[PDB]
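The structure appears right after this line, and notes come after that.
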Amino acid sequence: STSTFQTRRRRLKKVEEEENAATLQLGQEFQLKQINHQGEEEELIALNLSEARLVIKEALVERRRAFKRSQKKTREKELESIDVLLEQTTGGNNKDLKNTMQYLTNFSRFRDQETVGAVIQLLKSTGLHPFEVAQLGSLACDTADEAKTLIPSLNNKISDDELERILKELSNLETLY
Amino acid sequence: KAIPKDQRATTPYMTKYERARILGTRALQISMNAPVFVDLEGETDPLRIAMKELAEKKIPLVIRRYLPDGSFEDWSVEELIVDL
Amino acid sequence: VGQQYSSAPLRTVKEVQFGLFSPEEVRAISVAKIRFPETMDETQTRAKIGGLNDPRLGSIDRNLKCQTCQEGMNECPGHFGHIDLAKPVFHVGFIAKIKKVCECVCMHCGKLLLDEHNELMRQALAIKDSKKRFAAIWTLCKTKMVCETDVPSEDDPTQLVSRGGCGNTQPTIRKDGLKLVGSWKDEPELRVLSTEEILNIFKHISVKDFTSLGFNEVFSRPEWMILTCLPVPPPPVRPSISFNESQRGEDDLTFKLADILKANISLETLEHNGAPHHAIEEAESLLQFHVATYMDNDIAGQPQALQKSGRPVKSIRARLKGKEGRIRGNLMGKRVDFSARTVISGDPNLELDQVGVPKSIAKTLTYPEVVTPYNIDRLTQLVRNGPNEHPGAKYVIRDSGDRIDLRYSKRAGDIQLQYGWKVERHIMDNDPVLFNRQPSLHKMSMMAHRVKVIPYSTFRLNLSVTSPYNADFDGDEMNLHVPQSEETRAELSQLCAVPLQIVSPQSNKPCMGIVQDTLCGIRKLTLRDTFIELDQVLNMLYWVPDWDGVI
Amino acid sequence: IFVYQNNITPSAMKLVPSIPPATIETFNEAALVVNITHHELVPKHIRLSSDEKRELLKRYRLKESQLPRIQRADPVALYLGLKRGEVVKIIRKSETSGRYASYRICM
Amino acid sequence: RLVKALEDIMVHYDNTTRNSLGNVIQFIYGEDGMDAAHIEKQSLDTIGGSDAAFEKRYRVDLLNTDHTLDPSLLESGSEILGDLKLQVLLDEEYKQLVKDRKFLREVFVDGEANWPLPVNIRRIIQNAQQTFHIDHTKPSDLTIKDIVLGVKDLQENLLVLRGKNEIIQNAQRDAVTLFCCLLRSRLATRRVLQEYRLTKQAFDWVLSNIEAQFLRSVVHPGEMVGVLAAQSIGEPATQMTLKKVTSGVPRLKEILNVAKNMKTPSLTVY
Amino acid sequence: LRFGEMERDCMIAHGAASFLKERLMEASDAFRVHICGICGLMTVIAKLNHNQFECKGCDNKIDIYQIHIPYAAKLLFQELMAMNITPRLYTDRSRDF
Amino acid sequence: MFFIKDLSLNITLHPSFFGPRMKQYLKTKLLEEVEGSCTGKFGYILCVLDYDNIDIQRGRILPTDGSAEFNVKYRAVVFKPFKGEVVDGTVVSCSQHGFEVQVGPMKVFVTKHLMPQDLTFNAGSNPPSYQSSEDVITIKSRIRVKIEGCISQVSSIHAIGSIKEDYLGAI
Amino acid sequence: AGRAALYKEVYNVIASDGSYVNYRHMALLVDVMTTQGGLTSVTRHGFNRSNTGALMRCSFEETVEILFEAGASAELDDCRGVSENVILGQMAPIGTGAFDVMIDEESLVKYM
RNA sequence: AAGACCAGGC
DNA sequence: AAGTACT
DNA sequence: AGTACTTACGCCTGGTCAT
Ligand SMILES: [Mg+2]
Ligand SMILES: [Zn+2]
Ligand SMILES: [Zn+2]
Ligand SMILES: [Zn+2]
């Protein structure tokens with residue numbers, strides 16, 4: 001398989017596997033308190049689309065580079081520009097990634113690692129939890145009701161008014177097309 | 001737990017069991033078409049090639065030495081003196 | 001080993017957790033309902049009834065099926081079955097404890113008989129050793145036979161403190177056959193302690209009580225020393241024996257179960273039919289019996305459960321008992337392949353570290369070489385050579401994990417080799433082997449020699465290397481084992497080779513010398529009196545192979 | 001330390017472990033007529049400071065249990081009055097290397 | 001039994017002797033850390049012999065016409081007679097061989113001087129002898145400092161245990177002690193020059209060899225010493241093919257069993 | 001032929017680790033069984049084809065190992081079990097030391 | 001919802017490849033047996049980040065054959081849906097029983113009776129669709145779904161989701 | 001002092017036969033029999049009761065009986081025993097196996 | 001093919 | 001048969 | 001003081017009888 005940074009001492013009776021819900025109870029492998037390889041603790045890693053689009057791209061690119069350091073010895077415009085990056089550094093049988101790049105690049109809400117930067121600098125003043133500070137970043141929202149309902153995990157952790165300013169500043173930063 | 005390359009305490013020399021096993025292990029791989037890091041002076045027997053790789057100390061291995069409490073020390077064929 | 005690849009990662013065993021089976025687990029694991037006692041014949045029709053052995057357990061008749069698990073016979077270990085008892089039974093080997101425990105806890109409320117309150121007790125609760133707590137505890141309260149309700153605390157013996165309740169007197173207990181009995185004291189009261197009862201009292205014992213007594217909440221709760229559900233070892237543990245067809249061949253075990261089964265149903269059918277109250281406990285002993293003998297048969301309560309013909313009955317336990325059995329005779333020591341034995345004889349013409357193997361064997365024993373550019377050539381020749389000439393071989397195996405039997409295969413003479421393939425070849429001059437002579441009680445009772453294929457039929461060893469093996473040629477035989485991995489040999493040549501054993505640590509001195517002729521003669525040849533003339537001196541010189549050619 | 005002659009009353013002895021910290025010990029005359037430590041065989045032992053001990057461990061990466069033990073009633077252990085936990089250092093002669101340092105903890 | 005009782009025992013990389021738990025059994029295999037294989041019966045000349053002989057052989061006094069080294073042996077002989085700063089090393093050396101003596105006579109009361117010990121010095125010199133065709137005529141060329149200051153610098157490198165602390169670097173001196181005595185015994189100024197006329201060459205070699213030959217005689221962390229020791233006993237217990245006391249095989253049985261009622265109980269009182 | 005106790009004890013003496021294992025496995029027993037990373041048992045229903053693995057009861061499909069051990073051993077174990085004793089096989093040490 | 005979890009994997013290398021650029025091979029093989037994998041405990045392993053600084057550590061040599069075994073510690077971008085998670089995607093298939101929306105590398109399906117009422121299903125349509133008073137959902141239309149439940153399977157993950165709630169439906 | 005005796009005695013049993021055995025061996029044994037506390041007999045009644053895992057003591061004089069009271073009190077076995085491994089078909093931590101061998105990829109480059 | 005015995009070899 | 005250890 | 005409990009060399013070759 002692919003082991004996960006923590007050896008939960010399973011003493012025979014493996015039974016309790018709770019429910020997975022927007023009650024913020026995610027499988028054990030996703031507590032907000034997980035472990036880094038260096039052996040440190042580290043908040044979970046919440047990625048809102050169009051923020052992931054940039055991280056996948058970032059590496060997929062820096063891959064192409066170090067993939068040649070050893071060879072010496074606009075919407076529709078990105079659909080092509082990525083398919084290539086793949087047919088270069090991908091497994092070519094990662095039909096998932098392809099389909100993840102379209103999805104990730106069609107439903108994305110930001111093109112500038114700068115715009116994506118503020119998105120983060122903004123939402124990270126909430127104290128809210130990661131999963132939330134994600135659904136908030138990749139989900140259109142005009143009212144607080146359209147928000148605190150499509151993300152029930154908020155309901156009591158923030159005044160409608162506030163979460164509503166944030167949403168204002170969201171459609172304000174939401175890069176155009 | 002691991003142990004710094006300094007603070008090291010074991011024996012500076014290779015044990016017979018070690019050397020014994022290295023040559024063997026090494027041969028094993030050599031007999032498996034592993035790359036051979038030494039010019040074969042015409043040799044054609046793996047264990048014999050091994051004895052050679054081990055005399056030019058060009059064997060890419062590392063002997064991890066466990067201690068009764070679990071901690072270990074890591075020595076390289078390179079380092080380890082070979083008296084015998 | 002086994003063959004056929006498995007996407008399952010592979011590891012080494014590092015820890016072994018000994019537990020006891022929980023009737024609940026036993027079920028879960030099982031794949032067999034095991035209701036019937038018969039073996040097969042679905043009305044004589046051959047196959048197996050969804051009753052005993054194969055209601056999905058392993059199989060026979062060289063037929064894939066094993067719960068689709070296919071793979072068939074070889075590569076499909078047994079799949080446990082279960083068989084719901086009628087009424088709880090003891091565990092022949094645990095009885096000893098099941099008793100000691102009750103004497104440790106009193107019924108009705110089921111709880112210790114000595115709490116922190118008693119001081120001698122404290123000292124008995126610090127001991128961090130199951131074997132030792134449980135052995136100290138027992139000794140400390142086996143005597144007390146009254147469930148104290150109030151005891152004098154750490155203060156005044158005047159003031160009495162309260163804890164658990166129910167002073168129902170505690171009965172001393174004794175072992176009668178496979179049952180436990182106790183009296184309650186003018187004049188006693190003797191009643192039989194029903195399994196059904198004990199079980200209960202245990203079920204109720206506290207969690208910190210388990211532990212306080214030598215146990216473990218997850219792996220071994222006392223309440224498990226009493227069998228309720230019985231695991232059914234699958235064929236491979238109790239295989240058959242077929243004399244082709246229309247005959248039998250069942251294994252001893254597959255009978256005691258057969259019995260246990262019978263004895264189980266007969267019971268049940270009484271608790272749902274004309275149940276003459278206490279004419280049942282005459283058939284519940286029978287179960288307790290079988291389900292006891294099945295595991296152990298060498299008890300003090302005589303009856304051996306002799307099976308028709310008066311032949312004893314191999315209790316599971318008997319299979320592991322010391323020597324000739326599993327542990328000592330199957331695991332700590334086995335029969336092995338790539339091995340041979342014959343008569344030994346001296347031969348003053350072999351180097352010390354050599355050993356004359358007769359051609360007969362050199363052609364029988366084989367070594368797996370892996371085709372490599374360094375050898376290919378040589379190898380293809382051995383293969384071309386066949387399995388009859390000496391320097392040759394007898395088996396080529398390709399990546400495809402398929403054996404080419406060199407003596408048949410319409411492709412014998414053909415075959416091109418492929419780097420990566422293996423070519424089981426004959427033992428050759430200078431293949432390090434492990435030679436030896438029983439009894440082995442020395443590092444030196446087993447040493448490594450250089451092989452030297454020779455004619456005639458006997459392992460010919462050099463003389464000086466005799467005394468270590470401690471052997472004479474008056475008709476003694478010796479064993480020879482043949483390495484298999486390039487690294488295995490390395491371990492023989494680098495630590496077992498005779499040359500290395502010359503100086504023995506058992507007595508910080510050399511352990512091989514010069515004997516008989518060579519010795520006797522080495523003296524004569526010495527004497528001032530002894531003189532040698534040219535004609536000979538020259539030959540003698542020639543004999544020492546390292547003579548520098550300087551008369 | 002108290003020295004009884006022919007013996008002490010079992011009614012008496014059970015009164016020593018009743019006033020901690022303070023400790024008491026019992027010795028028969030007949031066992032102190034000769035010093036056991038002066039015997040050709042018995043080599044000399046030595047008490048280790050709860051510091052010197054916490055060291056012996058750290059230096060051999062040992063756990064308390066893995067250490068060679070001495071009886072709480074062992075003749076010599078009484079001659080020095082050890083306590084369950086105290087470690088002694090046994091220094092003896094040796095036909096392989098003059099002196100050999102060994103340790104014994106108590107149980 | 002013997003075997004089953006000691007399987008698990010071996011020498012661990014720390015150079016301690018433990019089993020499958022970790023329980024130390026010997027803090028140094030055999031109280032000396034030497035693999036039996038490299039050991040021969042040598043003699044500790046320092047022990048046996050009249051207080052008389054001892055002086056005439058190991059004593060050197062540069063302040064005496066009759067107890068100094070006759071310049072016929074050392075090159076810098078005449079220009080030594082009297083040198084006071086030297087007589088202190090010389091005297092240091094002597095006040096040591098002396099200590100050594102008493103020490104040994106405190107361990108081996110018997111007076112037996114022949115014992116098993118690593119590195120056979122007798123021979124190591126013997127080769128040094130004819131390997132440099134040393135002539136018993138002309139004189140040597142060793143500063144007295146050369147000798148005594150090297151012998152010391154030798155002991156230093158005969159490492160058995162290596163530790164970077166005290167408790168360990170202390171067991172070291174121990175595990176060696178016995179050897180050295182023998183060493184200091186065979187490399188005593190007087191001897192080194194009057195008995196075996198070693199040059200500076202010869203000597204510096206004898207020293208190198210001893211050091212290396214010693215570092216070879218150590219024990220290899222890996223040896224399954226347990227089984228070994230077992231066999232080593234059980235083996236000669238079969239060759240036993242058989243003044244009036246329980247003796248031999250039936251006896252050894254008695255011993256391993258820790259039996260209470262031994263046929264013969266005896267007891268010697270001096 | 002037979003490679004019994006005594007002949008073993010000498011191999012241990014020699015310190016010939018690998019050669020020992022070889023005589024004991026590759027040249028005699030040797031067997032490949034499966035386990036549950038949960039309940040240290042042979043339960044596992046490996047279908048080495050469609051890779052399916054399961055082990056209902058402890059119910060798995062994910063955490064599963066493969067181990068090589070002497071067939072006699074397996075047997076020793078199965079036999080044990082039938083006597084209602086559980087020999088757990090774990091591929092990782094959790095008790096330290 | 002997408003995650004960047006810290007994983008590690010164990011690759012057994014035959015000696016053959018014990019070359020000069022081994023690190024290279026490993027990495028390469030890491031990528032073959034990961035990018036595109038699927039587990040209920042990790043979800044979708046999409047891509048391996050920071051290709052370069054991949055930690056290999058020292059690999060140990062097994063003990064019968066020469067194969068060595070390294071614990072490759074890497075870090076990647078994962079994504080595993082949950083019950084009660086709200087996401088939107090592109091419809092792909094649409095039948096009498098409902099339509100299937102594709103949120104990322106995964107496919108969430110929506111039961112006809114798990115949508116609203118006023119929304120019927122028009123079979124005689126081309127392409128096939130679901131008509132409403134004012135709404136029209138077919139092939140490419142973009143919906144936003146609420147995942148009611150998940151089901152892990154082989155090398156993928158499907159789930160059923162509703163659009164019968166508020167703030168759900170087309171966009 | 002007892003050790004000294006136990007040894008001295010055993011030493012005499014081998015000396016009365018004109019045989020010689022290097023200290024260390026009888027030493028070791030004599031030491032094995034003594035560390036634990038007092039006199040631990042080389043018999044089913046002694047050394048085969050020590051804290052050594054099950055499987056090891058299992059291979060001697062009490063087998064089953066010993067196995068039974070293992071799953072009873074849920075013992076755990078380190079598999080540090082020579083025996084243990086032999087039963088499992090694993091390479092035992094013994095000489096050739098008192099360590100691991102690894103391929104230092106770094107040093108696998110300067111080699112070319 | 002398994003198990004019990006008996007004779008025997010070193 | 002004996003020897004030990006446990007009742 | 002009486003009774004009970006587990007053990008007992010290593011390996012190897014023959015021939016014989018029967019539920
Ligand atoms: Mg004979
Ligand atoms: Zn099956
Ligand atoms: Zn009660
Ligand atoms: Zn399981």
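Going by the structure tokens order, chains are called A, B, ..., each with residues numbered from 1, while ligands are numbered from 1 in the order shown.
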Report task. Check every residue of chain A for an atom within 12 Å of chain C, counting only C-alpha atoms, and provide those that qualify as JSON, numbers by chain. Result -> {"A": [1, 2, 3, 10, 11, 12, 13, 14]}
Query raised in the report: Which chains and residue numbers are within 6 Å of ligand 2, counting only C-alpha atoms (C1' of nucleotides) and all ligand atoms, if I want them as an NGL selection string?
Result: :C and (58 or 66-67 or 69 or 76)
Report task. May I ask you to write as a ChimeraX atom specification all residues lying at most 8 Å from ligand 4, with only C-alpha atoms (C1' of nucleotides) and all ligand atoms counted? Result -> /C:29 /F:35-41,43-44,55-60
For residue A:170, find every residue with an atom within 12 Å (counting only C-alpha atoms (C1' of nucleotides)), except residues of its own chain fewer than 6 positions away, and show them as a PDB file with N, CA and C atoms, in the first residue's frame.
```
ATOM      1  N   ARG A 109     -11.115  29.085  -9.567  1.00  0.00           N
ATOM      2  CA  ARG A 109     -11.568  30.452  -9.342  1.00  0.00           C
ATOM      3  C   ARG A 109     -10.443  31.487  -9.280  1.00  0.00           C
ATOM      4  N   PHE A 110      -9.200  31.067  -9.509  1.00  0.00           N
ATOM      5  CA  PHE A 110      -8.073  32.001  -9.475  1.00  0.00           C
ATOM      6  C   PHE A 110      -6.916  31.602 -10.398  1.00  0.00           C
ATOM      7  N   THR A 115      -3.294  36.289  -6.391  1.00  0.00           N
ATOM      8  CA  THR A 115      -4.692  36.353  -6.011  1.00  0.00           C
ATOM      9  C   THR A 115      -4.947  35.198  -5.038  1.00  0.00           C
ATOM     10  N   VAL A 116      -4.414  34.027  -5.361  1.00  0.00           N
ATOM     11  CA  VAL A 116      -4.577  32.859  -4.510  1.00  0.00           C
ATOM     12  C   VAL A 116      -3.902  33.083  -3.178  1.00  0.00           C
ATOM     13  N   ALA A 118      -3.789  36.047  -1.424  1.00  0.00           N
ATOM     14  CA  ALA A 118      -4.679  36.855  -0.591  1.00  0.00           C
ATOM     15  C   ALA A 118      -5.869  36.031  -0.107  1.00  0.00           C
ATOM     16  N   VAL A 119      -6.376  35.155  -0.976  1.00  0.00           N
ATOM     17  CA  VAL A 119      -7.502  34.297  -0.623  1.00  0.00           C
ATOM     18  C   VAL A 119      -7.164  33.679   0.717  1.00  0.00           C
ATOM     19  N   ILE A 120      -5.966  33.117   0.766  1.00  0.00           N
ATOM     20  CA  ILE A 120      -5.437  32.456   1.940  1.00  0.00           C
ATOM     21  C   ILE A 120      -5.155  33.393   3.106  1.00  0.00           C
ATOM     22  N   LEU A 122      -6.459  35.924   3.797  1.00  0.00           N
ATOM     23  CA  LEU A 122      -7.764  36.375   4.266  1.00  0.00           C
ATOM     24  C   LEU A 122      -8.430  35.336   5.173  1.00  0.00           C
ATOM     25  N   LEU A 123      -8.811  34.209   4.581  1.00  0.00           N
ATOM     26  CA  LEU A 123      -9.481  33.132   5.305  1.00  0.00           C
ATOM     27  C   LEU A 123      -8.708  32.600   6.508  1.00  0.00           C
ATOM     28  N   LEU A 136     -14.836  27.045   1.505  1.00  0.00           N
ATOM     29  CA  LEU A 136     -15.078  28.486   1.425  1.00  0.00           C
ATOM     30  C   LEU A 136     -14.351  29.116   0.253  1.00  0.00           C
ATOM     31  N   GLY A 137     -13.199  28.536  -0.080  1.00  0.00           N
ATOM     32  CA  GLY A 137     -12.387  29.016  -1.178  1.00  0.00           C
ATOM     33  C   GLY A 137     -12.777  28.535  -2.567  1.00  0.00           C
ATOM     34  N   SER A 138     -13.447  27.393  -2.681  1.00  0.00           N
ATOM     35  CA  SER A 138     -13.827  26.903  -4.005  1.00  0.00           C
ATOM     36  C   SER A 138     -15.335  26.846  -4.239  1.00  0.00           C
ATOM     37  N   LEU A 139     -16.085  27.531  -3.377  1.00  0.00           N
ATOM     38  CA  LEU A 139     -17.541  27.580  -3.495  1.00  0.00           C
ATOM     39  C   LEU A 139     -18.162  28.988  -3.522  1.00  0.00           C
ATOM     40  N   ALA A 140     -18.841  29.274  -4.633  1.00  0.00           N
ATOM     41  CA  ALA A 140     -19.514  30.547  -4.827  1.00  0.00           C
ATOM     42  C   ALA A 140     -20.459  30.704  -3.662  1.00  0.00           C
ATOM     43  N   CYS A 141     -20.623  31.929  -3.187  1.00  0.00           N
ATOM     44  CA  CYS A 141     -21.514  32.179  -2.068  1.00  0.00           C
ATOM     45  C   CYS A 141     -21.858  33.653  -1.959  1.00  0.00           C
ATOM     46  N   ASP A 142     -23.149  33.942  -2.026  1.00  0.00           N
ATOM     47  CA  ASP A 142     -23.635  35.306  -1.955  1.00  0.00           C
ATOM     48  C   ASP A 142     -24.108  35.610  -0.538  1.00  0.00           C
ATOM     49  N   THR A 143     -24.922  34.719   0.017  1.00  0.00           N
ATOM     50  CA  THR A 143     -25.445  34.909   1.365  1.00  0.00           C
ATOM     51  C   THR A 143     -24.671  34.055   2.348  1.00  0.00           C
ATOM     52  N   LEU A 163     -18.809  36.514   8.149  1.00  0.00           N
ATOM     53  CA  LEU A 163     -18.644  35.541   7.078  1.00  0.00           C
ATOM     54  C   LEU A 163     -19.198  36.133   5.794  1.00  0.00           C
ATOM     55  N   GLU A 164     -20.026  37.159   5.944  1.00  0.00           N
ATOM     56  CA  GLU A 164     -20.619  37.786   4.786  1.00  0.00           C
ATOM     57  C   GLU A 164     -19.700  38.826   4.157  1.00  0.00           C
TER      58      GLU A 164
END
```
Contacts from chain H to chain B, 8 Å maximum, only C-alpha atoms: show me the residue list as a PDB file with C-alpha atoms, in the first residue's frame.
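Final output, selection00.pdb:
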```pdb
ATOM      1  CA  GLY H  95      27.109 -14.198  13.886  1.00  0.00           C
ATOM      2  CA  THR H  96      26.360 -13.649  10.197  1.00  0.00           C
ATOM      3  CA  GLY H  97      23.087 -12.111  11.373  1.00  0.00           C
ATOM      4  CA  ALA H  98      24.057  -9.779  14.203  1.00  0.00           C
ATOM      5  CA  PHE H  99      23.682  -6.877  11.817  1.00  0.00           C
ATOM      6  CA  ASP H 100      22.153  -5.534   8.644  1.00  0.00           C
ATOM      7  CA  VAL H 101      23.625  -4.699   5.301  1.00  0.00           C
ATOM      8  CA  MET H 102      22.716  -1.698   3.280  1.00  0.00           C
ATOM      9  CA  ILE H 103      23.499  -0.107  -0.087  1.00  0.00           C
ATOM     10  CA  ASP H 104      24.774   3.426   0.441  1.00  0.00           C
ATOM     11  CA  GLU H 105      23.537   4.997  -2.776  1.00  0.00           C
ATOM     12  CA  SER H 107      29.000   5.754  -2.147  1.00  0.00           C
ATOM     13  CA  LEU H 108      27.392   3.979  -5.124  1.00  0.00           C
ATOM     14  CA  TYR H 111      32.274   4.121  -7.744  1.00  0.00           C
ATOM     15  CA  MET H 112      32.467   4.603 -11.516  1.00  0.00           C
TER      16      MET H 112
END
```
Query raised in the report: Hey, what's within 9 Å of stretch 2-7 of chain J if we count only C-alpha atoms (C1' of nucleotides) and toss same-chain stuff fewer than 6 positions away? As a count of residues only, please?
Result: 6
Query - Distance criterion (only C-alpha atoms (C1' of nucleotides)): nearest to chain K out of C:287, C:300, C:433, C:64 - result: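 Using only C-alpha atoms (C1' of nucleotides), the shortest distance to chain K belongs to C:300.
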Requested in this report: Could you give me, as a ChimeraX atom specification, the residues within 12 Å of residue I:2, counting only C-alpha atoms (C1' of nucleotides) and dropping anything in the same chain fewer than 4 positions from it?
Outcome: /C:238-242,249-252
Same residues, N, CA, C and O atoms, saved as a short mmCIF file (atom, residue, chain, number, x, y, z; two decimals), in the first residue's frame:
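Listing of out.cif after writing:
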```cif
data_model
loop_
_atom_site.label_atom_id
_atom_site.label_comp_id
_atom_site.auth_asym_id
_atom_site.auth_seq_id
_atom_site.Cartn_x
_atom_site.Cartn_y
_atom_site.Cartn_z
N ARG C 238 -5.17 -32.92 9.63
CA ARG C 238 -5.68 -34.29 9.79
C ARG C 238 -6.08 -34.82 8.40
O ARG C 238 -7.23 -35.21 8.16
N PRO C 239 -5.12 -34.86 7.47
CA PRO C 239 -5.35 -35.33 6.11
C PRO C 239 -5.74 -36.78 6.14
O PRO C 239 -5.65 -37.44 7.17
N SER C 240 -6.15 -37.26 4.97
CA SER C 240 -6.54 -38.64 4.80
C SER C 240 -5.36 -39.48 4.30
O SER C 240 -4.19 -39.22 4.59
N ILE C 241 -5.70 -40.52 3.54
CA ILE C 241 -4.75 -41.45 2.94
C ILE C 241 -5.66 -42.25 1.98
O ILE C 241 -6.59 -42.96 2.43
N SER C 242 -5.44 -42.10 0.68
CA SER C 242 -6.25 -42.83 -0.29
C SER C 242 -5.52 -43.97 -1.02
O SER C 242 -4.39 -43.81 -1.52
N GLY C 249 -9.22 -44.28 4.61
CA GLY C 249 -7.94 -43.64 4.88
C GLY C 249 -7.96 -42.45 5.81
O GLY C 249 -6.99 -41.68 5.87
N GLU C 250 -9.04 -42.28 6.57
CA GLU C 250 -9.15 -41.14 7.48
C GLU C 250 -8.10 -41.08 8.57
O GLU C 250 -7.53 -42.10 8.98
N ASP C 251 -7.85 -39.86 9.04
CA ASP C 251 -6.86 -39.60 10.07
C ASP C 251 -7.44 -39.61 11.47
O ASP C 251 -8.53 -39.12 11.72
N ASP C 252 -6.68 -40.18 12.39
CA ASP C 252 -7.08 -40.29 13.78
C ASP C 252 -7.90 -39.10 14.24
O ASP C 252 -9.04 -39.26 14.67
#
```
Could you tell me, counting only C-alpha atoms (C1' of nucleotides) and all ligand atoms, which protein and nucleic acid residues lie no more than 8 Å from ligand 3, written as a compact mmCIF listing (two decimals) with N, CA, C and O atoms, in the first residue's frame?
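Full text of out-v2.txt as output:
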```txt
# COMPACT_ATOMS: atom_id res chain seq x y z
N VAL C 105 -11.24 -16.63 43.82
CA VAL C 105 -12.39 -15.72 43.82
C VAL C 105 -13.63 -16.47 44.24
O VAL C 105 -13.79 -17.64 43.90
N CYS C 106 -14.52 -15.81 44.97
CA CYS C 106 -15.72 -16.51 45.39
C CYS C 106 -16.90 -16.21 44.49
O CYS C 106 -17.04 -15.12 43.95
N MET C 107 -17.75 -17.22 44.35
CA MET C 107 -18.93 -17.16 43.50
C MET C 107 -19.96 -16.14 43.95
O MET C 107 -19.72 -15.34 44.86
N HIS C 108 -21.12 -16.18 43.30
CA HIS C 108 -22.25 -15.30 43.59
C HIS C 108 -22.04 -13.85 43.12
O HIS C 108 -22.86 -13.32 42.36
N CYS C 109 -20.95 -13.22 43.57
CA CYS C 109 -20.63 -11.84 43.19
C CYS C 109 -19.35 -11.79 42.36
O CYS C 109 -19.05 -10.79 41.71
N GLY C 110 -18.62 -12.90 42.39
CA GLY C 110 -17.39 -13.01 41.63
C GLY C 110 -16.47 -11.82 41.74
O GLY C 110 -16.57 -10.88 40.96
N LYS C 111 -15.55 -11.86 42.69
CA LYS C 111 -14.61 -10.77 42.87
C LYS C 111 -13.49 -11.28 43.76
O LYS C 111 -13.64 -12.31 44.39
N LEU C 112 -12.38 -10.55 43.80
CA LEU C 112 -11.25 -10.95 44.62
C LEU C 112 -11.67 -11.33 46.03
O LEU C 112 -12.82 -11.15 46.42
N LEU C 113 -10.72 -11.86 46.79
CA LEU C 113 -10.99 -12.27 48.15
C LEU C 113 -10.00 -11.58 49.06
O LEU C 113 -9.85 -11.95 50.22
N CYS C 147 -16.04 -14.84 52.42
CA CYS C 147 -16.06 -13.60 51.67
C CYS C 147 -16.25 -12.39 52.54
O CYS C 147 -17.34 -11.79 52.60
N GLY C 164 -17.17 -4.92 49.25
CA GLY C 164 -18.16 -5.72 48.55
C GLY C 164 -19.01 -6.54 49.49
O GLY C 164 -18.62 -6.80 50.63
N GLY C 165 -20.18 -6.97 49.01
CA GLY C 165 -21.06 -7.76 49.85
C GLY C 165 -21.41 -9.15 49.35
O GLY C 165 -21.36 -9.42 48.15
N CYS C 166 -21.75 -10.01 50.31
CA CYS C 166 -22.14 -11.42 50.12
C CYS C 166 -21.08 -12.32 50.74
O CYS C 166 -20.13 -12.75 50.09
N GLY C 167 -21.25 -12.60 52.03
CA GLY C 167 -20.30 -13.44 52.73
C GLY C 167 -20.52 -14.92 52.50
O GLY C 167 -19.99 -15.75 53.23
N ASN C 168 -21.31 -15.26 51.48
CA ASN C 168 -21.58 -16.66 51.17
C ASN C 168 -20.28 -17.43 51.27
O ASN C 168 -19.38 -17.28 50.45
```
Query - Environment of ligand 1 within 12 Å, counting only C-alpha atoms (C1' of nucleotides) and all ligand atoms, reported as number ranges by chain - result: C: 343-345, 437-439, 466-467, 469-478; I: 9-10
Requested in this report: Between atom CA of residue A:105 and atom CA of residue A:55, measure the distance and give it in Å to one decimal.
Outcome: 11.8 Å
Query - In chain D, DSSP helix (DSSP H, G or I) residues written as a VMD selection string - result: chain D and resid 29 to 31 36 to 38 52 to 60 64 to 66 75 to 80
